[PDB]
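Notes follow once the structure below has been shown.
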Amino acid sequence: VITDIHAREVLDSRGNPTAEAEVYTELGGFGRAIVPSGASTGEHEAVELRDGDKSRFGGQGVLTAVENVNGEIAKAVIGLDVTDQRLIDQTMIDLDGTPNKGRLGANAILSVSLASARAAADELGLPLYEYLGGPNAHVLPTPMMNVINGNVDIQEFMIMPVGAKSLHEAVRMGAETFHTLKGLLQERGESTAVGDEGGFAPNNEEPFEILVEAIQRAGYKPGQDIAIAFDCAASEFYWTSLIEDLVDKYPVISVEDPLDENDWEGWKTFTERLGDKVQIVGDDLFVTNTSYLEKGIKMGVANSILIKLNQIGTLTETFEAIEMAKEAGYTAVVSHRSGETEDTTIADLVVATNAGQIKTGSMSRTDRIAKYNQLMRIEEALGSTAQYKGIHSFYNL
Amino acid sequence: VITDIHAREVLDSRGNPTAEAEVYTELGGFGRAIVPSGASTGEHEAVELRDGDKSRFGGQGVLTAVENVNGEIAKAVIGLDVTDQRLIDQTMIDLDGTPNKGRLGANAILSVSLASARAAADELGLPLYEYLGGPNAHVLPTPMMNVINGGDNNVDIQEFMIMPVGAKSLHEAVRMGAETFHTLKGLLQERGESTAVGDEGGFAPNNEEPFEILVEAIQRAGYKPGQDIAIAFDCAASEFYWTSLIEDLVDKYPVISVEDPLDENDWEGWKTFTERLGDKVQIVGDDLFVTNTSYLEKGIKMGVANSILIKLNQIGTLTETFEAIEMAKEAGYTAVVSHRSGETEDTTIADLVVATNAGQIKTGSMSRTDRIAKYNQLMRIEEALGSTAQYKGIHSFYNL
Ligand SMILES: [Cl-]
Ligand SMILES: [Mg+2]
Ligand SMILES: [Mg+2]
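From first to last, the protein sequence lines stand for chains B and A. Letter by letter, the first sequence follows residues 3 to 152, 159 to 211, 215 to 249, 270 to 428 of PDB author numbering. Letter by letter, the second sequence follows residues 3 to 153, 157 to 211, 215 to 249, 270 to 428 of PDB author numbering.
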């Protein structure tokens, strides 16, 4: 039984306010969770509640969402069993009463949702991934790391160690390649300062050449050892054949949001042509919402979904999106937001669900690195029972 | 009693390997600590042990330091009482047998040192700052925030910092800093400058200019330069090795602190610098003192500097770090608890700085979780303290 719930305002990796919640149980269980925040939010994402007080953080305060936790949510949830995740989440969903969590705030709700799962794992004496996924939680994710950013139209250029035999090796290959890329950029007189996700933004096809060169320089085989993924996020500058040229030219394994978030017909066309060649990920298209994913499955749109906890607002609804995707033969790529925190929940979440892929940033900034560190702790704990799939994560192909 | 000790190789904020250690106790206490790593390491720092296997992380692995913990250190420390910090640290110091901890590695030793203190706090049911400092741990630090850099441009000085000396709480200090940081960001955006960040979360656009830019950002954020937000800077002069020049910057701008303005081995130069400027500015020894009581003692006797930058991994143990802090205080010197440019998700320095009531912290700009995690922990600590908390701001500077 949950005995107390407390929220506070802390800062994310961009120095912007976000919500942190703590849950206490009768047995002495403790869980603390922090909610990340996007900058390129899709228009159909769950409501992130901001104060709009221009005298605090330019109106980016989350004191209201925090008070919604400390008041209404605390009253509604205290007394529930900490292990009753679905009841806890549905209770908050009903309490809000709006489809997009706009009354209480998705950031208020998710903070409690995650802190509850953590408190439950704590009081059971289980690591988070074991509690969330059960005895067969064992698959470590093949990570796509955002090393080059976009001047440039495409938003994220990623390396993905599909040839690694463990997560540890995947992390080392990524780090070595990142630092090779860093040296490469330094030669060409580019800045080695980093964007929000830890990657570089030097001054659409050029980054593909740069990635291949960096991979080769680090002593790895492009395609076999390290492949390329990218997120167009085309909603920000709103063609299929240009994408397909890139795909056939370069060792690309995944492409995300290659078309606008509301262009359902164009997506279906895209998927028909390229669905056999590459992973096609919907991000702004699906917004971690089962109602949107269901539509795409019926239309044969995409073959993958980017899973973002705060796009939907509860751990339960996130489980439901991941499982719906799996049953449709879609991969579920568990994802960070561009505004991250010291919270590492997504690492445990992706192993718990055996999703097989993660998108949690480049090889710099602790807001990304902490996730990779946790994944390594998880792999160590799993020992011989662990599994890293690499290219075999792509059951959608 | 400590029953188990385990170490592993994890990654820092630059994507470089570092040591993480865990300590388990008989009562079921648990502690986990991670060791930071510097880029501009002073030559007299304790030894950071690296593998040198160029087939792994370009030779930056720390598997040896990790194995040193899992083997030798674990055998020497397991069975010791977890609350016996001084004995635990001395046991490791003697076990290594070398003055610079070059045999086992300072990174191996510090990882266990800090994890022990955490495991002790955990089994006692105490927050870390409470365990480390006792019932009068209550002072939140005035933070100096590295928002502009110069350590690839025409600027020789390494860190350009804002410091909310006019805030009434740490929460306010953090907000003032973040608002100013974001004001600064828009300003660089206006001038066609990049908004990408360096290792510590500050901007690196393309010596006087950063001071003028900082003053402008402070003003645009709606704060008063000097009274509300002052300027501090770290030249790190050693990395590129004058008093009247420095005194021009100090007299021209609302500067409250300057760090390593001279070379790490120029004690005579430092002495005359302090003679000139010691009355109107904080003078911080970083590479000069390397968190080492032997170096600080020499500085104190010669009348060199009036402040020391406190870095745990510069000396290798929590105990020796406590000793540097107390020696500094007793000499009328301030102790600025500090991060390294290579940080982790570990937030020990936040609890350490409150535990010792040091009054100042240097833990980075207002971006990157490697910095922000510390500011978050300080806010958690301030909320916990409640009415018993104290933020000193400009009054942290008892050396002036
Ligand atoms: Cl920086
Ligand atoms: Mg996207
Ligand atoms: Mg320094």
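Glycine included, every Cβ here is placed at the ideal spot set by N, Cα and C.
Taking the continuous beta strand (DSSP E) assigned at residue i, which residues delimit it?
i, result
"A/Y231", "Unbroken run through A/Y231: none, as it is neither H nor E."
"A/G33", "32 to 36"
"A/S366", "362 to 366"
"B/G182", "It is not in any beta strand (DSSP E) - B/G182 instead sits in the alpha helix (DSSP H) that spans 175 to 195."
"A/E132", "Per DSSP, A/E132 belongs to no beta strand (DSSP E); it is in the alpha helix (DSSP H), 130 to 135."
Tell me whether residue i, by its Cβ, gets closer than 7 Å to a heavy atom of ligand 2.
i, result
"B/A352", "no"
"A/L142", "no"
"B/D294", "no"
"B/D204", "no"
"B/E247", "no"
"B/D14", "no"
"A/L380", "no"
"residue 156 of chain B", "Structure remark: chain B lacks residues between 152 and 159, so residue 156 of chain B is without coordinates."
"B/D314", "yes"
"B/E47", "no"
How is the alpha helix (DSSP H) around residue i delimited, first residue to last?
i, result
"A/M355", "346 to 358"
"B/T321", "321 to 330"
"B/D6", "First-last for B/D6: 4 to 13, but that is the beta strand (DSSP E), not the alpha helix (DSSP H)."
"A/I400", "397 to 413"
"A/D96", "87 to 98"
"B/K299", "295 to 305"
"A/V278", "271 to 280"
In its own chain, which residues sit with a C-beta less than 6 Å from the C-beta of residue i, not counting the 5 before and 5 after it?
i, result
"A/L29", "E125"
"A/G44", "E292, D315, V318"
"A/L106", "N70, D98"
"A/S246", "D291, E292, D315"
For residue i, which residues in the same chain have their Cβ closer than 8 Å to its Cβ, ignoring the five residues on either side in sequence?
i, result
"A/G135", "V382, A383, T384, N385"
"A/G421", "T144, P169, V170, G171, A172, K173, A178"
"A/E217", "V160"
"residue 154 of chain A", "Coordinates for residue 154 of chain A are simply not present: the residues of chain A run from 153 and resume at 157."
"A/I377", "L340, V365, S366, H367, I389, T391, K402"
"A/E373", "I36, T397, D398, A401"
Classify residue i as buried or exposed, calling it buried when 16 or more other Cβ atoms lie within 10 Å of its own Cβ.
i, result
"A/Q235", "exposed"
"A/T416", "exposed"
"B/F248", "exposed"
"A/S39", "buried"
"A/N211", "exposed"
"B/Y426", "exposed"
"B/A119", "buried"
"A/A412", "exposed"
"B/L112", "buried"
"A/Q194", "exposed"
"A/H423", "exposed"
"A/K308", "exposed"
"residue 156 of chain A", "Between 153 and 157 in chain A the model has nothing, and residue 156 of chain A is one of the residues in that span."
"A/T20", "buried"
"A/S57", "exposed"
"A/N138", "exposed"
"A/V3", "exposed"
"B/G182", "buried"
Is it the case that the CB of residue i approaches a heavy atom of ligand 1 more closely than 7 Å?
i, result
"B/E373", "no"
"A/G17", "no"
"A/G207", "yes"
"A/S393", "yes"
Closer than 7 Å: is that where the CB of residue i sits relative to any heavy atom of ligand 3?
i, result
"A/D291", "no"
"A/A244", "yes"
"B/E411", "no"
"A/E50", "no"
"A/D161", "no"
Within the same chain, show all residues whose beta-carbon is closer than 7 Å to that of residue i, passing over the 5 residues directly before and after it, in chain order.
i, result
"A/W298", "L290, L316, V332, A333"
Quick check: is any heavy atom of ligand 4 less than 7 Å from the C-beta of residue i?
i, result
"B/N151", "Within the structure as shown, ligand 4 is missing, the only ligands being ligand 1, ligand 2 and ligand 3."
> Between the stretch 376 to 401 of chain B and chain A, which residues of the former have a C-beta closer than 7 Å to a C-beta of the latter?
Replying inline: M394, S395, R396, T397, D398, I400, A401
> Any residues in the stretch 133 to 151 of chain B with a beta carbon nearer than 8 Å to a beta carbon of chain A? Which ones, in chain order?
Replying inline: none
> According to a CB-to-CB cut-off of less than 8 Å, which residues of the stretch 398 to 423 of chain A neighbour chain B?
Replying inline: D398, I400, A401, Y403, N404, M407, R408, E411
> In the stretch 50 to 80 of chain B, which residues sit with their C-beta less than 8 Å from some C-beta in chain A, listed in chain order?
Replying inline: Residues of the stretch 50 to 80 of chain B with a C-beta less than 8 Å from any C-beta of chain A: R58, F59, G60, listed in chain order.
>> Beta carbons nearer than 7 Å to chain B: which residues of the stretch 182 to 211 of chain A have them?
In response: Within the stretch 182 to 211 of chain A, the residues whose Cβ lies closer than 7 Å to some Cβ of chain B are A183, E184, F186, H187, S199, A201, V202, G203, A209, listed in chain order.
> In the stretch 15 to 49 of chain A, which residues sit with their C-beta less than 9 Å from some C-beta in chain B, listed in chain order?
Replying inline: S15, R16, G17, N18, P19, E22, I36
> Given a limit of 8 Å on CB to CB distance, which residues of the stretch 348 to 374 of chain B reach chain A?
Replying inline: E371, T372, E373
>> Output needed in chain order: residues of the stretch 98 to 120 of chain A with a Cβ under 7 Å from some Cβ in chain B.
In response: Per Cβ criterion, the list is empty.
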